file input.pdb (PDB, C-alpha atoms and all ligand atoms)
ATOM      1  CA  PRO B   1     100.738  39.327  82.870  1.00  0.00           C
ATOM      2  CA  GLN B   2     102.257  39.216  86.334  1.00  0.00           C
ATOM      3  CA  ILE B   3      99.851  40.695  88.896  1.00  0.00           C
ATOM      4  CA  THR B   4     100.305  41.773  92.529  1.00  0.00           C
ATOM      5  CA  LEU B   5      97.639  41.275  95.202  1.00  0.00           C
ATOM      6  CA  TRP B   6      97.188  44.727  96.817  1.00  0.00           C
ATOM      7  CA  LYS B   7      93.744  44.800  95.177  1.00  0.00           C
ATOM      8  CA  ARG B   8      91.344  42.002  94.167  1.00  0.00           C
ATOM      9  CA  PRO B   9      92.690  40.134  91.106  1.00  0.00           C
ATOM     10  CA  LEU B  10      89.697  40.878  88.885  1.00  0.00           C
ATOM     11  CA  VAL B  11      89.860  40.039  85.177  1.00  0.00           C
ATOM     12  CA  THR B  12      87.442  40.450  82.309  1.00  0.00           C
ATOM     13  CA  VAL B  13      86.011  37.210  81.018  1.00  0.00           C
ATOM     14  CA  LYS B  14      84.074  36.528  77.872  1.00  0.00           C
ATOM     15  CA  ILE B  15      81.671  33.604  78.073  1.00  0.00           C
ATOM     16  CA  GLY B  16      78.820  32.739  75.701  1.00  0.00           C
ATOM     17  CA  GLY B  17      79.153  36.191  74.087  1.00  0.00           C
ATOM     18  CA  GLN B  18      78.683  37.900  77.468  1.00  0.00           C
ATOM     19  CA  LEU B  19      81.275  40.022  79.237  1.00  0.00           C
ATOM     20  CA  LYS B  20      81.766  39.579  82.955  1.00  0.00           C
ATOM     21  CA  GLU B  21      84.374  40.397  85.585  1.00  0.00           C
ATOM     22  CA  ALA B  22      85.610  37.552  87.753  1.00  0.00           C
ATOM     23  CA  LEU B  23      88.140  36.967  90.509  1.00  0.00           C
ATOM     24  CA  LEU B  24      91.236  34.901  89.801  1.00  0.00           C
ATOM     25  CA  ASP B  25      90.880  32.600  92.812  1.00  0.00           C
ATOM     26  CA  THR B  26      93.577  30.079  93.753  1.00  0.00           C
ATOM     27  CA  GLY B  27      91.441  28.955  96.740  1.00  0.00           C
ATOM     28  CA  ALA B  28      88.614  27.783  94.421  1.00  0.00           C
ATOM     29  CA  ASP B  29      88.703  24.327  92.848  1.00  0.00           C
ATOM     30  CA  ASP B  30      86.010  25.239  90.320  1.00  0.00           C
ATOM     31  CA  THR B  31      84.842  28.295  88.375  1.00  0.00           C
ATOM     32  CA  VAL B  32      81.558  29.714  89.649  1.00  0.00           C
ATOM     33  CA  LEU B  33      79.509  32.488  88.091  1.00  0.00           C
ATOM     34  CA  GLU B  34      76.230  34.101  89.146  1.00  0.00           C
ATOM     35  CA  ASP B  35      75.095  36.590  86.533  1.00  0.00           C
ATOM     36  CA  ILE B  36      75.055  34.448  83.373  1.00  0.00           C
ATOM     37  CA  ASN B  37      72.957  32.203  81.175  1.00  0.00           C
ATOM     38  CA  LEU B  38      74.515  29.165  79.543  1.00  0.00           C
ATOM     39  CA  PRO B  39      72.427  27.144  77.140  1.00  0.00           C
ATOM     40  CA  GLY B  40      72.186  23.360  77.125  1.00  0.00           C
ATOM     41  CA  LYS B  41      72.101  20.534  79.619  1.00  0.00           C
ATOM     42  CA  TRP B  42      73.574  20.680  83.111  1.00  0.00           C
ATOM     43  CA  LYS B  43      73.694  18.603  86.295  1.00  0.00           C
ATOM     44  CA  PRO B  44      72.783  19.680  89.816  1.00  0.00           C
ATOM     45  CA  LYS B  45      75.645  19.990  92.309  1.00  0.00           C
ATOM     46  CA  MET B  46      76.227  21.546  95.727  1.00  0.00           C
ATOM     47  CA  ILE B  47      79.499  23.335  96.536  1.00  0.00           C
ATOM     48  CA  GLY B  48      80.643  24.542  99.922  1.00  0.00           C
ATOM     49  CA  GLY B  49      82.543  27.611 100.971  1.00  0.00           C
ATOM     50  CA  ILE B  50      83.040  29.603 104.142  1.00  0.00           C
ATOM     51  CA  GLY B  51      79.385  30.134 105.186  1.00  0.00           C
ATOM     52  CA  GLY B  52      78.052  26.734 104.093  1.00  0.00           C
ATOM     53  CA  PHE B  53      76.743  25.563 100.744  1.00  0.00           C
ATOM     54  CA  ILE B  54      75.004  26.665  97.565  1.00  0.00           C
ATOM     55  CA  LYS B  55      73.213  24.637  94.871  1.00  0.00           C
ATOM     56  CA  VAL B  56      74.735  25.111  91.431  1.00  0.00           C
ATOM     57  CA  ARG B  57      74.099  24.075  87.866  1.00  0.00           C
ATOM     58  CA  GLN B  58      77.187  22.295  86.551  1.00  0.00           C
ATOM     59  CA  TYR B  59      77.817  23.029  82.860  1.00  0.00           C
ATOM     60  CA  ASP B  60      80.568  21.024  81.218  1.00  0.00           C
ATOM     61  CA  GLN B  61      82.940  21.849  78.390  1.00  0.00           C
ATOM     62  CA  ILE B  62      82.242  25.579  78.489  1.00  0.00           C
ATOM     63  CA  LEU B  63      84.521  27.959  76.558  1.00  0.00           C
ATOM     64  CA  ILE B  64      85.741  30.979  78.494  1.00  0.00           C
ATOM     65  CA  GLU B  65      88.195  33.650  77.386  1.00  0.00           C
ATOM     66  CA  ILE B  66      89.959  35.164  80.421  1.00  0.00           C
ATOM     67  CA  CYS B  67      92.067  38.234  79.849  1.00  0.00           C
ATOM     68  CA  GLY B  68      92.112  37.182  76.161  1.00  0.00           C
ATOM     69  CA  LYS B  69      93.252  33.574  76.717  1.00  0.00           C
ATOM     70  CA  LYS B  70      90.983  30.581  76.006  1.00  0.00           C
ATOM     71  CA  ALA B  71      90.037  27.690  78.260  1.00  0.00           C
ATOM     72  CA  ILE B  72      87.395  24.985  78.139  1.00  0.00           C
ATOM     73  CA  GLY B  73      86.005  23.224  81.145  1.00  0.00           C
ATOM     74  CA  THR B  74      83.478  23.085  83.891  1.00  0.00           C
ATOM     75  CA  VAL B  75      81.571  26.180  84.850  1.00  0.00           C
ATOM     76  CA  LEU B  76      79.248  26.192  87.831  1.00  0.00           C
ATOM     77  CA  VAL B  77      76.298  28.625  87.782  1.00  0.00           C
ATOM     78  CA  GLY B  78      74.687  29.584  91.044  1.00  0.00           C
ATOM     79  CA  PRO B  79      74.186  32.188  93.769  1.00  0.00           C
ATOM     80  CA  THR B  80      77.831  33.021  94.466  1.00  0.00           C
ATOM     81  CA  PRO B  81      78.308  36.572  95.799  1.00  0.00           C
ATOM     82  CA  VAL B  82      81.292  37.130  93.460  1.00  0.00           C
ATOM     83  CA  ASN B  83      82.167  35.543  90.093  1.00  0.00           C
ATOM     84  CA  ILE B  84      85.231  33.343  90.573  1.00  0.00           C
ATOM     85  CA  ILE B  85      87.689  31.653  88.201  1.00  0.00           C
ATOM     86  CA  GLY B  86      88.898  28.471  89.883  1.00  0.00           C
ATOM     87  CA  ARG B  87      91.946  26.279  89.504  1.00  0.00           C
ATOM     88  CA  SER B  88      90.319  24.021  86.848  1.00  0.00           C
ATOM     89  CA  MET B  89      90.515  27.038  84.506  1.00  0.00           C
ATOM     90  CA  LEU B  90      93.571  28.804  85.991  1.00  0.00           C
ATOM     91  CA  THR B  91      95.752  25.804  84.988  1.00  0.00           C
ATOM     92  CA  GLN B  92      94.612  26.156  81.365  1.00  0.00           C
ATOM     93  CA  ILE B  93      95.719  29.766  81.056  1.00  0.00           C
ATOM     94  CA  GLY B  94      99.120  28.929  82.584  1.00  0.00           C
ATOM     95  CA  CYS B  95      98.442  30.765  85.813  1.00  0.00           C
ATOM     96  CA  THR B  96     100.943  30.306  88.661  1.00  0.00           C
ATOM     97  CA  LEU B  97     101.618  31.696  92.134  1.00  0.00           C
ATOM     98  CA  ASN B  98     105.034  33.213  92.723  1.00  0.00           C
ATOM     99  CA  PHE B  99     106.887  34.316  95.862  1.00  0.00           C
TER     100      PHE B  99
ATOM    101  CA  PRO I   1     109.191  29.471  94.797  1.00  0.00           C
ATOM    102  CA  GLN I   2     106.839  29.379  91.809  1.00  0.00           C
ATOM    103  CA  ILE I   3     103.772  27.190  92.350  1.00  0.00           C
ATOM    104  CA  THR I   4     101.463  25.729  89.659  1.00  0.00           C
ATOM    105  CA  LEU I   5      97.763  25.133  90.403  1.00  0.00           C
ATOM    106  CA  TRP I   6      97.073  21.492  89.443  1.00  0.00           C
ATOM    107  CA  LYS I   7      96.730  20.760  93.157  1.00  0.00           C
ATOM    108  CA  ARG I   8      95.533  23.011  95.997  1.00  0.00           C
ATOM    109  CA  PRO I   9      98.258  25.560  96.914  1.00  0.00           C
ATOM    110  CA  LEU I  10      98.699  24.355 100.472  1.00  0.00           C
ATOM    111  CA  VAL I  11     101.629  25.686 102.496  1.00  0.00           C
ATOM    112  CA  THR I  12     102.875  25.134 106.029  1.00  0.00           C
ATOM    113  CA  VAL I  13     102.382  28.069 108.373  1.00  0.00           C
ATOM    114  CA  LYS I  14     103.776  28.652 111.818  1.00  0.00           C
ATOM    115  CA  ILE I  15     101.630  30.821 114.054  1.00  0.00           C
ATOM    116  CA  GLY I  16     101.887  31.215 117.815  1.00  0.00           C
ATOM    117  CA  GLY I  17     104.248  28.206 117.989  1.00  0.00           C
ATOM    118  CA  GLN I  18     101.664  26.023 116.250  1.00  0.00           C
ATOM    119  CA  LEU I  19     102.067  24.392 112.853  1.00  0.00           C
ATOM    120  CA  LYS I  20      99.165  24.399 110.434  1.00  0.00           C
ATOM    121  CA  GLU I  21      98.536  23.907 106.716  1.00  0.00           C
ATOM    122  CA  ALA I  22      96.703  26.710 104.900  1.00  0.00           C
ATOM    123  CA  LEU I  23      95.604  27.455 101.377  1.00  0.00           C
ATOM    124  CA  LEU I  24      97.255  30.347  99.554  1.00  0.00           C
ATOM    125  CA  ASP I  25      94.031  32.044  98.446  1.00  0.00           C
ATOM    126  CA  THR I  26      94.003  35.023  96.065  1.00  0.00           C
ATOM    127  CA  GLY I  27      90.187  35.146  96.309  1.00  0.00           C
ATOM    128  CA  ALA I  28      90.339  35.839 100.066  1.00  0.00           C
ATOM    129  CA  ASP I  29      90.789  39.391 101.320  1.00  0.00           C
ATOM    130  CA  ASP I  30      91.945  38.213 104.753  1.00  0.00           C
ATOM    131  CA  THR I  31      93.454  35.216 106.497  1.00  0.00           C
ATOM    132  CA  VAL I  32      91.037  32.915 108.260  1.00  0.00           C
ATOM    133  CA  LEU I  33      91.983  29.955 110.429  1.00  0.00           C
ATOM    134  CA  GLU I  34      89.917  27.351 112.314  1.00  0.00           C
ATOM    135  CA  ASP I  35      92.080  25.041 114.385  1.00  0.00           C
ATOM    136  CA  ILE I  36      93.941  27.547 116.472  1.00  0.00           C
ATOM    137  CA  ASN I  37      93.780  29.568 119.527  1.00  0.00           C
ATOM    138  CA  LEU I  38      95.551  32.894 119.756  1.00  0.00           C
ATOM    139  CA  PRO I  39      95.929  34.688 123.008  1.00  0.00           C
ATOM    140  CA  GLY I  40      94.816  38.192 123.901  1.00  0.00           C
ATOM    141  CA  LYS I  41      92.153  40.653 122.829  1.00  0.00           C
ATOM    142  CA  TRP I  42      90.063  40.497 119.665  1.00  0.00           C
ATOM    143  CA  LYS I  43      87.037  42.101 118.006  1.00  0.00           C
ATOM    144  CA  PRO I  44      83.910  40.442 116.649  1.00  0.00           C
ATOM    145  CA  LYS I  45      83.455  40.408 112.874  1.00  0.00           C
ATOM    146  CA  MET I  46      81.360  38.562 110.305  1.00  0.00           C
ATOM    147  CA  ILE I  47      82.788  37.520 106.936  1.00  0.00           C
ATOM    148  CA  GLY I  48      80.877  36.248 103.925  1.00  0.00           C
ATOM    149  CA  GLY I  49      81.696  33.740 101.226  1.00  0.00           C
ATOM    150  CA  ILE I  50      79.884  31.125  99.202  1.00  0.00           C
ATOM    151  CA  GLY I  51      77.147  29.790 101.499  1.00  0.00           C
ATOM    152  CA  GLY I  52      76.742  33.012 103.460  1.00  0.00           C
ATOM    153  CA  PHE I  53      78.468  34.302 106.573  1.00  0.00           C
ATOM    154  CA  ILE I  54      80.433  33.081 109.600  1.00  0.00           C
ATOM    155  CA  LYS I  55      81.219  34.830 112.891  1.00  0.00           C
ATOM    156  CA  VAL I  56      84.940  35.270 113.491  1.00  0.00           C
ATOM    157  CA  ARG I  57      87.296  36.643 116.098  1.00  0.00           C
ATOM    158  CA  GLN I  58      89.499  39.338 114.576  1.00  0.00           C
ATOM    159  CA  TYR I  59      93.041  39.375 115.963  1.00  0.00           C
ATOM    160  CA  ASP I  60      95.324  42.182 114.910  1.00  0.00           C
ATOM    161  CA  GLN I  61      99.064  42.370 114.464  1.00  0.00           C
ATOM    162  CA  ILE I  62      99.574  38.608 114.483  1.00  0.00           C
ATOM    163  CA  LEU I  63     102.877  37.121 113.341  1.00  0.00           C
ATOM    164  CA  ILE I  64     102.678  34.267 110.836  1.00  0.00           C
ATOM    165  CA  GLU I  65     105.496  32.467 109.050  1.00  0.00           C
ATOM    166  CA  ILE I  66     104.233  31.094 105.701  1.00  0.00           C
ATOM    167  CA  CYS I  67     106.570  28.730 103.925  1.00  0.00           C
ATOM    168  CA  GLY I  68     109.363  30.250 106.071  1.00  0.00           C
ATOM    169  CA  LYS I  69     108.706  33.968 105.355  1.00  0.00           C
ATOM    170  CA  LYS I  70     107.323  36.325 108.016  1.00  0.00           C
ATOM    171  CA  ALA I  71     104.248  38.529 107.894  1.00  0.00           C
ATOM    172  CA  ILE I  72     102.359  40.487 110.514  1.00  0.00           C
ATOM    173  CA  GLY I  73      98.733  41.334 110.133  1.00  0.00           C
ATOM    174  CA  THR I  74      95.152  40.529 110.793  1.00  0.00           C
ATOM    175  CA  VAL I  75      94.107  36.968 111.364  1.00  0.00           C
ATOM    176  CA  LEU I  76      90.488  35.935 111.629  1.00  0.00           C
ATOM    177  CA  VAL I  77      89.646  32.861 113.728  1.00  0.00           C
ATOM    178  CA  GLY I  78      86.372  31.086 113.096  1.00  0.00           C
ATOM    179  CA  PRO I  79      84.544  28.063 111.638  1.00  0.00           C
ATOM    180  CA  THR I  80      86.063  28.129 108.155  1.00  0.00           C
ATOM    181  CA  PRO I  81      86.094  24.661 106.560  1.00  0.00           C
ATOM    182  CA  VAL I  82      89.710  25.176 105.329  1.00  0.00           C
ATOM    183  CA  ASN I  83      92.521  27.413 106.691  1.00  0.00           C
ATOM    184  CA  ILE I  84      93.151  30.219 104.199  1.00  0.00           C
ATOM    185  CA  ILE I  85      95.944  32.764 103.723  1.00  0.00           C
ATOM    186  CA  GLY I  86      94.400  35.907 102.286  1.00  0.00           C
ATOM    187  CA  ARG I  87      95.655  38.850 100.308  1.00  0.00           C
ATOM    188  CA  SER I  88      96.531  41.014 103.338  1.00  0.00           C
ATOM    189  CA  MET I  89      99.228  38.437 104.140  1.00  0.00           C
ATOM    190  CA  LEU I  90     100.022  37.312 100.549  1.00  0.00           C
ATOM    191  CA  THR I  91     101.241  40.853  99.733  1.00  0.00           C
ATOM    192  CA  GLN I  92     103.703  40.713 102.666  1.00  0.00           C
ATOM    193  CA  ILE I  93     105.478  37.634 101.373  1.00  0.00           C
ATOM    194  CA  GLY I  94     105.691  39.092  97.876  1.00  0.00           C
ATOM    195  CA  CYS I  95     103.179  36.707  96.369  1.00  0.00           C
ATOM    196  CA  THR I  96     101.999  37.388  92.786  1.00  0.00           C
ATOM    197  CA  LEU I  97      99.875  35.689  90.123  1.00  0.00           C
ATOM    198  CA  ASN I  98     101.576  35.091  86.790  1.00  0.00           C
ATOM    199  CA  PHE I  99     100.276  34.007  83.367  1.00  0.00           C
TER     200      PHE I  99
HETATM  201  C1  LIG N 101      87.230  29.222 101.109  1.00  0.00           C
HETATM  202  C2  LIG N 101      87.854  28.487  99.930  1.00  0.00           C
HETATM  203  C3  LIG N 101      88.455  27.165 100.403  1.00  0.00           C
HETATM  204  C4  LIG N 101      86.834  28.263  98.818  1.00  0.00           C
HETATM  205  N1  LIG N 101      86.218  29.538  98.410  1.00  0.00           N
HETATM  206  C5  LIG N 101      87.111  30.291  97.508  1.00  0.00           C
HETATM  207  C6  LIG N 101      87.532  31.570  98.230  1.00  0.00           C
HETATM  208  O1  LIG N 101      88.553  32.233  97.483  1.00  0.00           O
HETATM  209  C7  LIG N 101      86.383  32.547  98.440  1.00  0.00           C
HETATM  210  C8  LIG N 101      85.918  33.234  97.160  1.00  0.00           C
HETATM  211  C9  LIG N 101      84.866  34.269  97.470  1.00  0.00           C
HETATM  212  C10 LIG N 101      85.162  35.626  97.358  1.00  0.00           C
HETATM  213  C11 LIG N 101      84.193  36.576  97.645  1.00  0.00           C
HETATM  214  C12 LIG N 101      82.924  36.176  98.042  1.00  0.00           C
HETATM  215  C13 LIG N 101      82.632  34.824  98.154  1.00  0.00           C
HETATM  216  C14 LIG N 101      83.600  33.871  97.865  1.00  0.00           C
HETATM  217  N2  LIG N 101      86.857  33.584  99.329  1.00  0.00           N
HETATM  218  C15 LIG N 101      86.441  33.718 100.580  1.00  0.00           C
HETATM  219  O2  LIG N 101      85.623  33.004 101.156  1.00  0.00           O
HETATM  220  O3  LIG N 101      87.082  34.848 101.223  1.00  0.00           O
HETATM  221  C16 LIG N 101      86.522  35.208 102.473  1.00  0.00           C
HETATM  222  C17 LIG N 101      87.672  35.465 103.424  1.00  0.00           C
HETATM  223  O4  LIG N 101      88.057  36.795 103.087  1.00  0.00           O
HETATM  224  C18 LIG N 101      86.916  37.541 102.664  1.00  0.00           C
HETATM  225  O5  LIG N 101      87.262  38.284 101.495  1.00  0.00           O
HETATM  226  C19 LIG N 101      86.708  37.680 100.337  1.00  0.00           C
HETATM  227  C20 LIG N 101      85.499  36.900 100.839  1.00  0.00           C
HETATM  228  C21 LIG N 101      85.840  36.549 102.279  1.00  0.00           C
HETATM  229  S1  LIG N 101      84.727  29.319  97.807  1.00  0.00           S
HETATM  230  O6  LIG N 101      84.235  30.562  97.295  1.00  0.00           O
HETATM  231  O7  LIG N 101      83.940  28.860  98.910  1.00  0.00           O
HETATM  232  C22 LIG N 101      84.644  28.255  96.625  1.00  0.00           C
HETATM  233  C23 LIG N 101      84.453  26.898  96.862  1.00  0.00           C
HETATM  234  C24 LIG N 101      84.404  26.021  95.779  1.00  0.00           C
HETATM  235  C25 LIG N 101      84.538  26.518  94.487  1.00  0.00           C
HETATM  236  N3  LIG N 101      84.480  25.694  93.422  1.00  0.00           N
HETATM  237  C26 LIG N 101      84.720  27.867  94.253  1.00  0.00           C
HETATM  238  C27 LIG N 101      84.768  28.733  95.329  1.00  0.00           C
END
call {"tool": "encode", "arguments": {"input": "input.pdb", "output": "C-alpha cells", "more": "lines below"}}
Ligand SMILES: CC(C)CN(C[C@@H](O)[C@H](Cc1ccccc1)NC(=O)O[C@H]1CO[C@H]2OCC[C@H]21)S(=O)(=O)c1ccc(N)cc1
result
Amino acid sequence: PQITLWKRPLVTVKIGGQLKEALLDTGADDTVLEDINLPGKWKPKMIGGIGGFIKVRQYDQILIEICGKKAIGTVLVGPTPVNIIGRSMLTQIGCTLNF
Amino acid sequence: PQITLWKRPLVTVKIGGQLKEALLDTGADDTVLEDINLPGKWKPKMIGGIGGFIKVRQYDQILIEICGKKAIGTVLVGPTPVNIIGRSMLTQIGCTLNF
C-alpha cells in the first residue's frame, strides 16, 4: 500500500482480539492506544505531546496486526485523544515516507 | 527521496529567511512551529494533542521550503515542544506513506 495524505492515514489494527482504528503517525516515537485492555504486567510511564503530558501504562512485546501485517513491540495505553501507531511499529511493517 | 523511520524524520525547512528543523508528521493535520516569528496578521486558534491544548497564532498563505521543495499554506505558531510539518503541507510536496 502506498497512501497519500489528503485525509488522515487511518488503518485498522487488530490487537488482543480487538479491532481498532489508529493513525499511522511518523511524528510519534511510540504506539499509543486509548480504548483497549491488554492483560498482564506493565510499567508506568509519562509521554509528552503538544499540550503537555499523559500518564500511560507501558506494555511490552505486544502483538499488533496493522492493515494485515504483524508487528511486536511496545504499546502504551493511556488517555490519548486518538489511537496512534508510532515509529517503533511503523519500522516493523516496512513503512516509509516518500517525496 | 524515500525516508525510513528508524530515526525521527527531521528535515530542514526555510521559512521567512529562517532555517529550522521540523518533523515530517503524518499524524499532524497542520504545521506548527515554535522558534519563529512571522510578520503580519494572524488569527487565534487552539489545537489539541496528547496532553491537551495549546494556544497558537494561525498565519495563512505562508511560504515554506521543506527539503528544498516549496509549499504555501497555513502555519501555526505556538508552544509546541517540537516543530512539525503537518498534512496540509505534506500533500504539497507530494509526500506519501508506503508499505
Ligand atoms: C507532536 C509530536 C512530536 C508527537 N505527537 C505525535 C503527533 O503526530 C500528534 C498525534 C495526535 C493526533 C491527534 C490527536 C492527538 C495527537 N499530532 C499532533 O499533535 O497534531 C496536532 C497538530 O495538528 C493537529 O492535528 C492533529 C492533532 C493536532 S504525540 O501525539 O504527542 C506523541 C508523542 C509521543 C508518542 N509516543 C506518541 C505520540
call {"tool": "residues_around", "arguments": {"input": "input.pdb", "residues": "residue B:16", "least_positions_apart": "4", "cutoff": "12 Å", "atoms": "all atoms listed in the file", "output": "PyMOL selection string"}}
result
chain B and resi 20+36-40+61-65+72+75
call {"tool": "closest_residue", "arguments": {"input": "input.pdb", "among": "B:18, B:74, B:88, B:31", "to": "ligand LIG 101 (chain N)", "atoms": "all atoms listed in the file"}}
result
B:31
call {"tool": "residues_near_ligand", "arguments": {"input": "input.pdb", "ligand": "ligand LIG 101 (chain N)", "cutoff": "8 Å", "atoms": "only C-alpha atoms and all ligand atoms", "output": "count of residues only"}}
result
42
call {"tool": "calpha_fit_and_write", "arguments": {"input": "input.pdb", "fixed": "chain B", "moving": "chain I", "output": "short mmCIF file (atom, residue, chain, number, x, y, z; two decimals) with C-alpha atoms, keeping the file's coordinate frame"}}
result
data_model
loop_
_atom_site.label_atom_id
_atom_site.label_comp_id
_atom_site.auth_asym_id
_atom_site.auth_seq_id
_atom_site.Cartn_x
_atom_site.Cartn_y
_atom_site.Cartn_z
CA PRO I 1 101.03 39.40 82.77
CA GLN I 2 102.24 39.30 86.38
CA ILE I 3 99.67 40.55 88.89
CA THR I 4 100.31 41.73 92.48
CA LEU I 5 97.65 41.27 95.17
CA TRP I 6 97.16 44.71 96.77
CA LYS I 7 93.76 44.82 95.08
CA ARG I 8 91.38 41.98 94.17
CA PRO I 9 92.68 40.10 91.08
CA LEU I 10 89.69 40.88 88.90
CA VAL I 11 89.87 40.07 85.19
CA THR I 12 87.48 40.43 82.28
CA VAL I 13 86.05 37.18 80.98
CA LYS I 14 84.09 36.50 77.84
CA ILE I 15 81.70 33.58 78.05
CA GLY I 16 78.85 32.75 75.69
CA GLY I 17 79.17 36.21 74.07
CA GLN I 18 78.71 37.88 77.46
CA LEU I 19 81.29 40.01 79.24
CA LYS I 20 81.78 39.60 82.96
CA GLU I 21 84.37 40.42 85.62
CA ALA I 22 85.62 37.52 87.75
CA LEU I 23 88.13 37.01 90.51
CA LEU I 24 91.20 34.90 89.78
CA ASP I 25 90.88 32.61 92.81
CA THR I 26 93.56 30.08 93.75
CA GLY I 27 91.43 28.96 96.72
CA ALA I 28 88.61 27.83 94.41
CA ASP I 29 88.70 24.37 92.86
CA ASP I 30 86.19 25.32 90.16
CA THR I 31 84.79 28.33 88.36
CA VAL I 32 81.52 29.69 89.67
CA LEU I 33 79.48 32.47 88.09
CA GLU I 34 76.22 34.18 89.09
CA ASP I 35 75.05 36.66 86.48
CA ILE I 36 74.93 34.45 83.45
CA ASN I 37 72.86 32.05 81.60
CA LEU I 38 74.42 29.28 79.57
CA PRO I 39 72.40 27.22 77.20
CA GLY I 40 71.98 23.46 77.14
CA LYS I 41 72.11 20.57 79.58
CA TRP I 42 73.58 20.63 83.08
CA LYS I 43 73.79 18.55 86.26
CA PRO I 44 72.87 19.54 89.81
CA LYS I 45 75.72 19.97 92.29
CA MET I 46 76.28 21.56 95.69
CA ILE I 47 79.51 23.38 96.54
CA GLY I 48 80.67 24.52 99.95
CA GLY I 49 82.67 27.50 101.13
CA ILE I 50 82.74 29.82 104.10
CA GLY I 51 79.11 30.10 105.24
CA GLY I 52 78.11 26.64 104.04
CA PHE I 53 76.77 25.42 100.72
CA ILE I 54 75.00 26.67 97.59
CA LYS I 55 73.15 24.75 94.87
CA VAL I 56 74.68 25.18 91.43
CA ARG I 57 74.11 24.11 87.86
CA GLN I 58 77.17 22.29 86.53
CA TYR I 59 77.87 22.96 82.86
CA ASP I 60 80.61 20.99 81.19
CA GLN I 61 82.95 21.81 78.35
CA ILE I 62 82.25 25.54 78.43
CA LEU I 63 84.51 27.95 76.57
CA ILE I 64 85.74 30.98 78.52
CA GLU I 65 88.21 33.66 77.45
CA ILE I 66 89.95 35.11 80.54
CA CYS I 67 92.02 38.21 79.94
CA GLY I 68 92.08 37.16 76.24
CA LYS I 69 93.27 33.53 76.67
CA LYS I 70 90.97 30.56 76.00
CA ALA I 71 90.04 27.69 78.29
CA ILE I 72 87.41 24.98 78.11
CA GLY I 73 86.07 23.31 81.17
CA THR I 74 83.48 23.09 83.85
CA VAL I 75 81.58 26.16 84.87
CA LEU I 76 79.23 26.20 87.83
CA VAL I 77 76.31 28.64 87.77
CA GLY I 78 74.69 29.61 91.05
CA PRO I 79 74.18 32.24 93.77
CA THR I 80 77.83 33.03 94.46
CA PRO I 81 78.28 36.58 95.79
CA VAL I 82 81.28 37.17 93.45
CA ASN I 83 82.18 35.55 90.08
CA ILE I 84 85.25 33.36 90.57
CA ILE I 85 87.72 31.69 88.20
CA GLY I 86 88.90 28.48 89.84
CA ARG I 87 91.90 26.25 89.51
CA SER I 88 90.42 23.98 86.81
CA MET I 89 90.50 27.02 84.50
CA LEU I 90 93.57 28.79 86.01
CA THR I 91 95.76 25.82 84.98
CA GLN I 92 94.59 26.17 81.35
CA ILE I 93 95.79 29.75 81.04
CA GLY I 94 99.13 28.88 82.61
CA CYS I 95 98.47 30.74 85.83
CA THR I 96 100.97 30.27 88.70
CA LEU I 97 101.63 31.73 92.16
CA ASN I 98 105.08 33.18 92.71
CA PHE I 99 106.94 34.36 95.83
#
call {"tool": "closest_residue", "arguments": {"input": "input.pdb", "among": "B:66, B:11, B:77, B:54", "to": "chain I", "atoms": "all atoms listed in the file"}}
result
B:54
